[PDB]
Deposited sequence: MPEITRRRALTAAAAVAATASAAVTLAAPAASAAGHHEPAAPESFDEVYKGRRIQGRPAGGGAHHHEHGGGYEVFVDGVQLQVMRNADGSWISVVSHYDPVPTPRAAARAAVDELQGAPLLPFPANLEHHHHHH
């Protein structure tokens, strides 16, 4: 049962999420994310640090990136 979609500007960058199991984009570039058995999430730029939701993983990625473009 998938999380809801989201779309917002976070620290100046557009973050979007949508069910697909779930896709996240940072300024239109896909951010790979993964769901853990307990329902938390990680992303490929925070792969050892569970956060509760795909939006939390998108925000953590924007924090980690410090303005840098994501690579596809």
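Trainee: What are the missing stretches of the deposited sequence, listed from start to end?
Mentor: Unmodelled stretches, in sequence order: 1-39, 60-70, 123-134.
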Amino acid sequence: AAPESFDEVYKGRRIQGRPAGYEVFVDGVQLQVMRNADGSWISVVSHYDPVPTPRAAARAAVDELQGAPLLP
From here on, numbers count along this sequence of modelled residues.
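Trainee: Output the stretch having the higher mean C-alpha B factor in the entry; the candidates are 63-71 and 4-12.
Mentor: Higher mean C-alpha B-factor: 63-71.
Trainee: Taking the chain's C-alpha temperature factors as the reference, tell me which third residue 52 falls into: lowest, middle or highest.
Mentor: Its C-alpha B-factor, which the entry lists for residue 52, ranks in the lowest third among residues of this chain.
Trainee: With respect to C-alpha B-factor, does residue 21 fall in the lowest, middle or highest third of the chain as deposited?
Mentor: Top third by C-alpha B-factor.
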